[PDB]
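K.L.:
For reference, the structure I am asking about is given below.
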Amino acid sequence: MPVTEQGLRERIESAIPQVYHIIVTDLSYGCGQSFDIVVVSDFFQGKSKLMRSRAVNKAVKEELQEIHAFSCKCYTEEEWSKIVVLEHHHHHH
């Protein structure tokens, strides 16, 4: 009600610099306070995931006020590491 999952993506995009990709997914059924979104950016470069949360709150402080509890997963291939990515990008139909 107070926040829209679809609208959230737009807010996030406008709440942060045009990152590589922004995705908003609601973990709870339909609408709810719980939110789960994933975004990839260099913002996580040289900074820990926990640190990003603090920056995100400042960037989207109003979002937190509207949202009782939400998550914002962020990665930049760093977590994956060089190891063996084997690309494995997307999949065939």
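By convention in this document, the chains of the structure tokens carry letters A, B, ... by their order, each chain's residues are numbered from 1, and ligands are numbered from 1 in the order they are shown.
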Quick one: residues within 8 Å of region 57-71 of chain A, only C-alpha atoms counted, chain neighbours fewer than 3 positions away excluded, as an MDAnalysis selection string?
P.N.:
chainID A and resid 2:3 12 15:16 33:37 53:54
K.L.:
Using only C-alpha atoms, pick whichever of A:26, A:56, A:50, A:20 has the shortest atom-to-atom distance to residue 77 (chain A).
P.N.:
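The answer is A:20, which sits nearest to residue 77 (chain A).
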K.L.:
Return the single residue from A:76, A:24, A:31, A:89 that is closest to residue 46 (chain A), with distances computed using only C-alpha atoms.
P.N.:
A:76
K.L.:
From a DSSP pass on the backbone, collect the residues of chain A flagged as strand (DSSP E or B) and hand them back as a list in words.
P.N.:
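Of chain A, only residues 21, 22, 23, 24, 25, 36, 37, 38, 39, 40, 71, 72, 73 and 74 of chain A fall in strand (DSSP E or B).
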K.L.:
Would you export the selected residues with N, CA, C and O atoms as a PDB file, in the first residue's frame, please?
P.N.:
```pdb
ATOM      1  N   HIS A  21      22.433  -2.894 -12.665  1.00  0.00           N
ATOM      2  CA  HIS A  21      21.100  -3.475 -12.774  1.00  0.00           C
ATOM      3  C   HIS A  21      20.352  -3.377 -11.449  1.00  0.00           C
ATOM      4  O   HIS A  21      20.924  -3.608 -10.384  1.00  0.00           O
ATOM      5  N   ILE A  22      19.067  -3.046 -11.521  1.00  0.00           N
ATOM      6  CA  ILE A  22      18.246  -2.941 -10.320  1.00  0.00           C
ATOM      7  C   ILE A  22      17.050  -3.877 -10.414  1.00  0.00           C
ATOM      8  O   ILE A  22      16.285  -3.826 -11.375  1.00  0.00           O
ATOM      9  N   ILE A  23      16.887  -4.731  -9.408  1.00  0.00           N
ATOM     10  CA  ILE A  23      15.771  -5.667  -9.398  1.00  0.00           C
ATOM     11  C   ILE A  23      15.061  -5.631  -8.050  1.00  0.00           C
ATOM     12  O   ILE A  23      15.701  -5.709  -7.002  1.00  0.00           O
ATOM     13  N   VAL A  24      13.737  -5.518  -8.081  1.00  0.00           N
ATOM     14  CA  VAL A  24      12.965  -5.479  -6.847  1.00  0.00           C
ATOM     15  C   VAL A  24      12.001  -6.659  -6.787  1.00  0.00           C
ATOM     16  O   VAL A  24      11.150  -6.822  -7.661  1.00  0.00           O
ATOM     17  N   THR A  25      12.138  -7.475  -5.748  1.00  0.00           N
ATOM     18  CA  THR A  25      11.272  -8.636  -5.577  1.00  0.00           C
ATOM     19  C   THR A  25      10.703  -8.682  -4.161  1.00  0.00           C
ATOM     20  O   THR A  25      11.438  -8.545  -3.185  1.00  0.00           O
ATOM     21  N   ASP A  36      12.601  -7.615  -0.853  1.00  0.00           N
ATOM     22  CA  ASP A  36      13.871  -8.225  -1.227  1.00  0.00           C
ATOM     23  C   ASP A  36      14.295  -7.767  -2.622  1.00  0.00           C
ATOM     24  O   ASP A  36      13.706  -8.177  -3.620  1.00  0.00           O
ATOM     25  N   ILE A  37      15.316  -6.915  -2.684  1.00  0.00           N
ATOM     26  CA  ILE A  37      15.801  -6.407  -3.966  1.00  0.00           C
ATOM     27  C   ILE A  37      17.294  -6.658  -4.112  1.00  0.00           C
ATOM     28  O   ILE A  37      18.025  -6.741  -3.125  1.00  0.00           O
ATOM     29  N   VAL A  38      17.734  -6.787  -5.358  1.00  0.00           N
ATOM     30  CA  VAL A  38      19.138  -7.037  -5.638  1.00  0.00           C
ATOM     31  C   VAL A  38      19.684  -6.018  -6.637  1.00  0.00           C
ATOM     32  O   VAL A  38      19.087  -5.781  -7.687  1.00  0.00           O
ATOM     33  N   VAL A  39      20.822  -5.417  -6.305  1.00  0.00           N
ATOM     34  CA  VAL A  39      21.435  -4.426  -7.184  1.00  0.00           C
ATOM     35  C   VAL A  39      22.947  -4.619  -7.248  1.00  0.00           C
ATOM     36  O   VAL A  39      23.584  -4.935  -6.245  1.00  0.00           O
ATOM     37  N   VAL A  40      23.518  -4.424  -8.431  1.00  0.00           N
ATOM     38  CA  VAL A  40      24.957  -4.578  -8.602  1.00  0.00           C
ATOM     39  C   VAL A  40      25.587  -3.254  -9.015  1.00  0.00           C
ATOM     40  O   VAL A  40      25.143  -2.616  -9.970  1.00  0.00           O
ATOM     41  N   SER A  71      15.222  -5.679   2.524  1.00  0.00           N
ATOM     42  CA  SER A  71      16.594  -6.094   2.265  1.00  0.00           C
ATOM     43  C   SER A  71      17.049  -5.574   0.908  1.00  0.00           C
ATOM     44  O   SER A  71      16.243  -5.413  -0.007  1.00  0.00           O
ATOM     45  N   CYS A  72      18.344  -5.308   0.788  1.00  0.00           N
ATOM     46  CA  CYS A  72      18.895  -4.798  -0.463  1.00  0.00           C
ATOM     47  C   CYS A  72      20.204  -5.504  -0.795  1.00  0.00           C
ATOM     48  O   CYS A  72      21.286  -4.968  -0.556  1.00  0.00           O
ATOM     49  N   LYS A  73      20.101  -6.709  -1.343  1.00  0.00           N
ATOM     50  CA  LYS A  73      21.290  -7.469  -1.692  1.00  0.00           C
ATOM     51  C   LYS A  73      22.082  -6.740  -2.770  1.00  0.00           C
ATOM     52  O   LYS A  73      21.517  -6.266  -3.754  1.00  0.00           O
ATOM     53  N   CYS A  74      23.395  -6.651  -2.576  1.00  0.00           N
ATOM     54  CA  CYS A  74      24.255  -5.971  -3.538  1.00  0.00           C
ATOM     55  C   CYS A  74      25.554  -6.743  -3.749  1.00  0.00           C
ATOM     56  O   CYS A  74      26.216  -7.137  -2.790  1.00  0.00           O
TER      57      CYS A  74
END
```
K.L.:
If you measure from CA of residue 51 (chain A) to CA of residue 80 (chain A), what distance in Å do you get, rounded to one decimal?
P.N.:
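According to the coordinates, CA of residue 51 (chain A) and CA of residue 80 (chain A) are separated by 18.4 Å.
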K.L.:
Given only C-alpha atoms as the basis, pick out the residue of A:85, A:1, A:17, A:10 nearest to residue 42 (chain A).
P.N.:
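Checking each candidate against residue 42 (chain A), we get A:17 as the closest.
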K.L.:
Using DSSP assignments from the backbone, pull out every residue in chain A that falls under alpha helix (DSSP H) and give it to me as an NGL selection string.
P.N.:
:A and (5-15 or 49-59 or 61-66)
K.L.:
Let's have the selection written as a JSON list (two decimals), in the first residue's frame, with N, CA, C and O atoms.
P.N.:
```
[["chain", "number", "residue", "atom", "x", "y", "z"],
["A", 5, "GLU", "N", 6.14, -2.58, -5.02],
["A", 5, "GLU", "CA", 7.32, -3.33, -5.41],
["A", 5, "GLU", "C", 7.81, -2.86, -6.78],
["A", 5, "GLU", "O", 9.01, -2.65, -6.99],
["A", 6, "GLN", "N", 6.88, -2.69, -7.73],
["A", 6, "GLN", "CA", 7.25, -2.24, -9.06],
["A", 6, "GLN", "C", 7.80, -0.81, -9.01],
["A", 6, "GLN", "O", 8.80, -0.49, -9.66],
["A", 7, "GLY", "N", 7.14, 0.02, -8.21],
["A", 7, "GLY", "CA", 7.55, 1.41, -8.04],
["A", 7, "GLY", "C", 8.88, 1.50, -7.30],
["A", 7, "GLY", "O", 9.64, 2.45, -7.47],
["A", 8, "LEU", "N", 9.13, 0.50, -6.46],
["A", 8, "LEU", "CA", 10.35, 0.46, -5.66],
["A", 8, "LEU", "C", 11.58, 0.48, -6.56],
["A", 8, "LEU", "O", 12.57, 1.15, -6.26],
["A", 9, "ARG", "N", 11.52, -0.25, -7.66],
["A", 9, "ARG", "CA", 12.64, -0.30, -8.58],
["A", 9, "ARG", "C", 12.95, 1.10, -9.10],
["A", 9, "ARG", "O", 14.11, 1.50, -9.18],
["A", 10, "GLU", "N", 11.91, 1.85, -9.44],
["A", 10, "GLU", "CA", 12.08, 3.21, -9.94],
["A", 10, "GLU", "C", 12.67, 4.11, -8.85],
["A", 10, "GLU", "O", 13.52, 4.95, -9.12],
["A", 11, "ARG", "N", 12.19, 3.92, -7.62],
["A", 11, "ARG", "CA", 12.66, 4.71, -6.50],
["A", 11, "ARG", "C", 14.13, 4.42, -6.24],
["A", 11, "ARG", "O", 14.92, 5.34, -6.00],
["A", 12, "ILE", "N", 14.48, 3.15, -6.29],
["A", 12, "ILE", "CA", 15.86, 2.74, -6.07],
["A", 12, "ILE", "C", 16.76, 3.34, -7.14],
["A", 12, "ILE", "O", 17.85, 3.84, -6.84],
["A", 13, "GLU", "N", 16.30, 3.27, -8.38],
["A", 13, "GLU", "CA", 17.06, 3.81, -9.49],
["A", 13, "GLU", "C", 17.27, 5.30, -9.29],
["A", 13, "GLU", "O", 18.36, 5.83, -9.55],
["A", 14, "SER", "N", 16.23, 5.98, -8.82],
["A", 14, "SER", "CA", 16.31, 7.40, -8.57],
["A", 14, "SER", "C", 16.93, 7.66, -7.20],
["A", 14, "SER", "O", 17.28, 8.80, -6.88],
["A", 15, "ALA", "N", 17.07, 6.61, -6.40],
["A", 15, "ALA", "CA", 17.66, 6.76, -5.07],
["A", 15, "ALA", "C", 19.16, 6.49, -5.12],
["A", 15, "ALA", "O", 19.87, 6.76, -4.15],
["A", 49, "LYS", "N", 29.52, -5.44, 2.52],
["A", 49, "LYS", "CA", 28.07, -5.44, 2.30],
["A", 49, "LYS", "C", 27.36, -4.65, 3.39],
["A", 49, "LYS", "O", 26.43, -3.89, 3.12],
["A", 50, "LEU", "N", 27.81, -4.82, 4.63],
["A", 50, "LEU", "CA", 27.20, -4.12, 5.76],
["A", 50, "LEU", "C", 27.36, -2.61, 5.60],
["A", 50, "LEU", "O", 26.44, -1.85, 5.91],
["A", 51, "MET", "N", 28.52, -2.19, 5.12],
["A", 51, "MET", "CA", 28.78, -0.77, 4.91],
["A", 51, "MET", "C", 27.82, -0.20, 3.87],
["A", 51, "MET", "O", 27.36, 0.94, 4.00],
["A", 52, "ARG", "N", 27.53, -0.99, 2.85],
["A", 52, "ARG", "CA", 26.62, -0.55, 1.79],
["A", 52, "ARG", "C", 25.24, -0.26, 2.35],
["A", 52, "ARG", "O", 24.56, 0.67, 1.90],
["A", 53, "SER", "N", 24.82, -1.05, 3.33],
["A", 53, "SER", "CA", 23.50, -0.86, 3.93],
["A", 53, "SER", "C", 23.40, 0.53, 4.53],
["A", 53, "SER", "O", 22.39, 1.21, 4.36],
["A", 54, "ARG", "N", 24.44, 0.96, 5.22],
["A", 54, "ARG", "CA", 24.44, 2.29, 5.82],
["A", 54, "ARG", "C", 24.31, 3.36, 4.74],
["A", 54, "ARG", "O", 23.53, 4.30, 4.88],
["A", 55, "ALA", "N", 25.08, 3.21, 3.67],
["A", 55, "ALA", "CA", 25.04, 4.17, 2.56],
["A", 55, "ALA", "C", 23.66, 4.16, 1.90],
["A", 55, "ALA", "O", 23.13, 5.21, 1.54],
["A", 56, "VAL", "N", 23.10, 2.97, 1.76],
["A", 56, "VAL", "CA", 21.78, 2.82, 1.15],
["A", 56, "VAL", "C", 20.72, 3.53, 1.98],
["A", 56, "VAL", "O", 19.85, 4.20, 1.43],
["A", 57, "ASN", "N", 20.80, 3.38, 3.29],
["A", 57, "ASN", "CA", 19.83, 4.01, 4.17],
["A", 57, "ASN", "C", 19.88, 5.52, 3.98],
["A", 57, "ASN", "O", 18.83, 6.17, 3.87],
["A", 58, "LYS", "N", 21.08, 6.08, 3.93],
["A", 58, "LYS", "CA", 21.23, 7.51, 3.73],
["A", 58, "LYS", "C", 20.70, 7.91, 2.35],
["A", 58, "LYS", "O", 20.00, 8.92, 2.21],
["A", 59, "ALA", "N", 21.03, 7.11, 1.34],
["A", 59, "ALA", "CA", 20.58, 7.38, -0.02],
["A", 59, "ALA", "C", 19.07, 7.25, -0.12],
["A", 59, "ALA", "O", 18.41, 8.06, -0.78],
["A", 61, "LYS", "N", 16.81, 6.98, 2.71],
["A", 61, "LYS", "CA", 16.34, 7.05, 4.09],
["A", 61, "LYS", "C", 14.82, 7.04, 4.14],
["A", 61, "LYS", "O", 14.21, 6.37, 4.97],
["A", 62, "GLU", "N", 14.20, 7.81, 3.24],
["A", 62, "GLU", "CA", 12.75, 7.89, 3.20],
["A", 62, "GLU", "C", 12.14, 6.52, 2.92],
["A", 62, "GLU", "O", 11.06, 6.19, 3.41],
["A", 63, "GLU", "N", 12.85, 5.72, 2.13],
["A", 63, "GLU", "CA", 12.38, 4.38, 1.80],
["A", 63, "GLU", "C", 12.28, 3.52, 3.06],
["A", 63, "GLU", "O", 11.33, 2.77, 3.24],
["A", 64, "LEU", "N", 13.29, 3.64, 3.92],
["A", 64, "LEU", "CA", 13.31, 2.87, 5.16],
["A", 64, "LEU", "C", 12.13, 3.26, 6.05],
["A", 64, "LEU", "O", 11.52, 2.40, 6.68],
["A", 65, "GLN", "N", 11.83, 4.55, 6.11],
["A", 65, "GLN", "CA", 10.73, 5.03, 6.94],
["A", 65, "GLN", "C", 9.41, 4.44, 6.45],
["A", 65, "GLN", "O", 8.56, 4.06, 7.26],
["A", 66, "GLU", "N", 9.25, 4.36, 5.14],
["A", 66, "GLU", "CA", 8.04, 3.80, 4.55],
["A", 66, "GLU", "C", 8.05, 2.29, 4.70],
["A", 66, "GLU", "O", 6.99, 1.66, 4.75]]
```
K.L.:
For each of A:79, A:19, A:86, A:32, take the minimum atom-to-atom distance to residue 48 (chain A), counting only C-alpha atoms, then give the residue where this is smallest.
P.N.:
A:79
K.L.:
When you draw a straight line from CA of residue 18 (chain A) to CA of residue 47 (chain A), how long is it in Å?
P.N.:
18.5 Å
